[PDB]
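Student: No letters, just coordinates:
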Ligand code: NA
């Protein structure tokens, strides 16, 4: 997250860190959202590589013992069947991870609430991106979980020629694009939390930013629109 602020450690209890085994260690690669005690929602492109993955819930500082973490292996990966790794702009950048164990819920570990199917945010709706991704374009990962306020940019604006044009689809949500705050590498797969009728819900799964940089004016961060995939998510969970 570029231009973020440190999150309070109990603000976003559905945020997870997706990590891969790297020699004798584990390395953060992506975010995700805990949606059942044994299921995580992330981006498909985060699980393209043939790596060994684990999820960490209750994480705040990647590089220090928080006293709150639970570490769980990933047992099964279900990527959306229309996902094409040659074509992130086509959409379908979503995957569900079944965990090897069910995690225990507490003030640091909670299920993300998802929007009702078909819900579309009004332009300029209040949202936060969260994650441990790069804090500057071509920078380094944050140590502590970051948040940035990214108001939505509706489809009519986002798909206009000076924004994303045809690259953004109606199955996506765009947020930000002010040139100062954005998602960045390492934030992919994590949540966009939007305040609706008094309650934060996870409306987006972080999918892509510009190849010209993370925080680029009129290139808002692009998220998979969770409300387009409610039936898919429920179908996968019910059949696994
Ligand atoms: Na930690």
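Tutor: Received the coordinates, thanks. Residues are numbered from 1 along each chain as shown.

Student: near the ion, which residues of the chain?
Tutor: Counting by C-beta under 5 Å from the ion, the residues of the chain close to the ion are 61, 66. In short, each C-beta sits where N, CA and C put it, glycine included.

Student: Which single residue in the chain comes nearest to the ion?
Tutor: residue 66 (4.0 Å; C-beta to the ion).

Student: So that residue versus residue 144, what's the distance?
Tutor: 10 Å (C-beta to C-beta, to the nearest Å).

Student: what do those two both touch?
Tutor: residue 60 (C-beta atoms under 8 Å, 6 or more residues apart in numbering).

Student: Give the burial count for residue 122, as a bare number.
Tutor: For residue 122, the neighbour count with other C-beta atoms under 10 Å is 8.

Student: Is it located within a helix, as I assumed?
Tutor: No. Going by DSSP: H, G, I helix; E, B strand; the rest coil, the assignment for residue 122 is coil, not a helix.

Student: hang on, isn't it packed against residue 156?
Tutor: No. Applying C-beta atoms under 8 Å as the test, residue 122 and residue 156 come out as separate, 11.6 Å apart.

Student: Can you tell me what sits against the single longest helix found in the chain?
Tutor: If you go by DSSP state H, the chain has its longest helix at helix 230-238. Helix 230-238 is contacted by residues 35-36, 39, 41, 78, 80, 94, 96, 114-117, 226 when judged by C-beta under 8 Å, 6+ apart.

Student: Identify the farthest-apart pair in those.
Tutor: 78 and 116 (22.3 Å; C-beta to C-beta).

Student: and these two? which has more neighbours close in?
Tutor: Per other C-beta under 10 Å, whichever of residue 78 and residue 116 has more neighbours is residue 78, with 20 against 9.

Student: Tell me how far the more buried one lies from residue 50.
Tutor: With C-beta to C-beta as the criterion, residue 78 and residue 50 are 16 Å apart.

Student: Ok, residue 101 next?
Tutor: 23 Å.

Student: For these two, indicate the residue with more neighbours.
Tutor: Set side by side, residue 101 and residue 50 show more neighbours around residue 101, with 12 against 5, by other C-beta under 10 Å.

Student: what's near enough to touch residue 5?
Tutor: Neighbours of residue 5 in contact, by C-beta under 8 Å, 6+ apart: 146, 147, 148.

Student: Leaving out chain neighbours, which residue sits closest to the residue nearest the centre of the chain?
Tutor: By C-alpha atoms, centre = their mean, the chain has its centre lying nearest to residue 190, at 1.6 Å. Distances taken as C-beta to C-beta, 6 or more residues apart in numbering put residue 31 closest to residue 190, at 2.4 Å, once the chain neighbours are dropped.

Student: my read is the one you found is in a strand, agree?
Tutor: Yes. Assigned with three-state DSSP, residue 31 falls within a strand.

Student: which residue ranges form the helices in the protein?
Tutor: Using DSSP H, helices in the chain cover 155-158, 230-238.

Student: Kindly state the beta-bridge partners for the residue nearest to residue 190.
Tutor: residue 17 (DSSP bridges).
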